[PDB]
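The first residue of the sequence shown is numbered 1, and numbering continues consecutively from there. All values below come from the heavy atoms of this structure, side chains included, with hydrogens, waters and symmetry mates left out.
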Amino acid sequence: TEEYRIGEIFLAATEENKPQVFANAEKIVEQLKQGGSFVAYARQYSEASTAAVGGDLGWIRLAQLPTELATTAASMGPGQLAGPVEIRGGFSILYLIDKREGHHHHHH
């Protein structure tokens, strides 16, 4: 019943350019782990339509994510960064902003 508030920075890459784009993504992860604003980096680097909103995907269920990201998100601890994670069209960096669960809504 878990729902996840996830932030994402997506960098597109053809198979030929993947190693290079992975390098670019890793440098971003390094800056984020050292304190950089996820929103700022997402607005500057994300190639997904959510870039403008700081990469915030809002509250989502894991089935909404591609397998690679869903399985990564399932093991993440709150407030942590993950990636870069390879997906068919490139690489994604994830940020677990919030998390909630429970079979009953009136319990929050």
Could you report the tightest heavy-atom contact between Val21 and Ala12, atom names first, then the distance?
CG2-O, 3.8 Å
Would you please say whether a donor-acceptor pair under 3.5 Å links the side chains of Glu8 and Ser92?
yes
Same apolar cluster (I L V M F W Y, side chains within < 4.5 Å links), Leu69/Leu57:
yes
Quick check against the 3.5 Å criterion: does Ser46 have a side-chain atom that pairs as donor or acceptor with the backbone of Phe10?
yes
Close side-chain approach of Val29 and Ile9, heavy atoms under 4.5 Å
no
Is a side-chain donor or acceptor of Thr71 paired with a backbone partner of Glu68 at a separation under 3.5 angstrom?
yes
Let me confirm one number: the NZ-CG distance from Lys27 to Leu32, rounded to the nearest 0.5 Å.
13.5 Å
Is there a side-chain contact between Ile97 and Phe38, using heavy atoms and a 4.5 Å cut-off?
no
Describe, in one word, how the ring planes of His104 and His107 are oriented to each other, choosing from parallel (under 30°), tilted (30 to 60°) and perpendicular (over 60°).
perpendicular
Hphob cluster co-occupancy, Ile87 + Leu96, side-chain heavy atoms under 4.5 angstrom
yes
Is the count of non-hydrogen atoms from other residues, nucleotides or ligands lying under 6.0 Å from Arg100 atom CZ greater than 12?
yes
Find the distance between OH (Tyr41) and CG (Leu81) and round it off to the nearest 0.5 Å.
12.0 Å
Using a strict 4.0 Å threshold on nitrogen-to-oxygen distance, state whether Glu86 and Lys18 make a salt bridge.
yes
Check for a donor-acceptor pair, side chain of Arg43 on one end and backbone N or O of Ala52 on the other, with a separation under 3.5 Å.
yes
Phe22, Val85: one ILVMFWY side-chain cluster at the under-4.5 Å cut-off?
no
Could you check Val53 against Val39 for side chain to side chain contact (heavy atoms under 4.5 Å, CB included), going step by step and ending with a plain yes or no?
CA-CA 7 Å; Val53 288; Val39 170; over 6 Å; no
What I want to find out is whether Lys33 reaches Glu30 closely enough, with some N-O distance under 4.0 Å, to be called a salt bridge.
no
Which heavy atom of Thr72 sits nearest a heavy atom of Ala82, and at what distance?
CG2-CB, 3.7 Å
With heavy-atom distances below 4.5 Å as the criterion, would you say the side chains of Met76 and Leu94 are in contact?
yes
Supply the atom-to-atom distance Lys99 NZ to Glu2 CD, rounded to the nearest 0.5 angstrom.
6.0 Å
With a 4.5 Å cut-off on side-chain heavy atoms, are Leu11 and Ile28 touching?
yes
Measure the CZ-CG distance between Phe91 and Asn24 for me, rounded to the nearest 0.5 Å.
10.0 Å
Ignoring hydrogens, what is the shortest heavy-atom contact between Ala51 and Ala42? Give both atom names and the distance.
CB-O, 3.7 Å
Just how far is it from atom CD1 of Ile6 to atom OH of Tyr95, taken to the nearest 0.5 Å?
12.5 Å
